[PDB]
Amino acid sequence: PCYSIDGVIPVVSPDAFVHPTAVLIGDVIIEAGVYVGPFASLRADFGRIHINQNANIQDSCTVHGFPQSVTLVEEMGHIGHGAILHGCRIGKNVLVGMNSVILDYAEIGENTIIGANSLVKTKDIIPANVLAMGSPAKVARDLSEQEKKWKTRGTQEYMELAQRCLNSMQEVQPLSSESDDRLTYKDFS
C-alpha cells in the first residue's frame, strides 16, 4: 500500500502494522507499534507526515497537508474512524474522535480528547488534558483521571492490535454460513 512520488518513498517501521488497503504516499514516516487501519490515506505529496510510535490511524482516516507542511501525530496519538488531520500537530497520547477534522497549524495538547464529529479551526491551540468538542470545537472541561486511564486502555488495545495483525491477519475466503464450531470474537486473544 506504499506509493512513491517524485522518488520520495514512505518509511515504515518493521514493528508497525499497515493494513494492505491503507495508502501511504510520499514523505510518510511510520514509527514502531503504529496501527494503520483500512482505507487510511497518509498522503505526503505536498509536505511531510510523521506518525510517532504506538499511535494508531483508523479506518478511512485521512492525513494530508499543504506544500512544505509538517503533519505530526505524537506517540500514542489515537485517531478515530474517519477523522481528517490537515497540517496539524496531535500531541502525545491525544484522542481524536471519529469523523473529526483538525485543520492546519492547529495543535492539540497532550492527553486531550476531541469529541467525535468536531472541527478544530485552523491555527487553534488546544491545551493539554482537556475535553474539547463541537464544530468549531471549544474546551468543555478538564479530563478526569478516570477518562485518562480509559483512553490509555483504548490506545494500549490498538498497540496490541498491531501485534495481533502482524501475527495473524491474512486474506481468507469467507465462510458461506455460520457454523457451530467456528471461532468467534469470544476467541479473541
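Numbers for residues come from their place in the sequence shown, where the first is 1.
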note = The stretch carrying the higher mean Cα B factor in the deposited entry, 139 to 147 or 54 to 62, is 139 to 147
remark   = Taking the deposited Cα B-factors and averaging over 5 to 13 and over 19 to 27, the higher mean is found in 5 to 13
query = Based on the entry's values, in what third of the chain does the Cα temperature factor of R48 lie: lowest, middle or highest?
reply = middle
key: Chain-wide C-alpha B factor ranking for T155, given as lowest, middle or highest third   = middle
query = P67's Cα B-factor: lowest, middle or highest third of the chain?
reply = highest
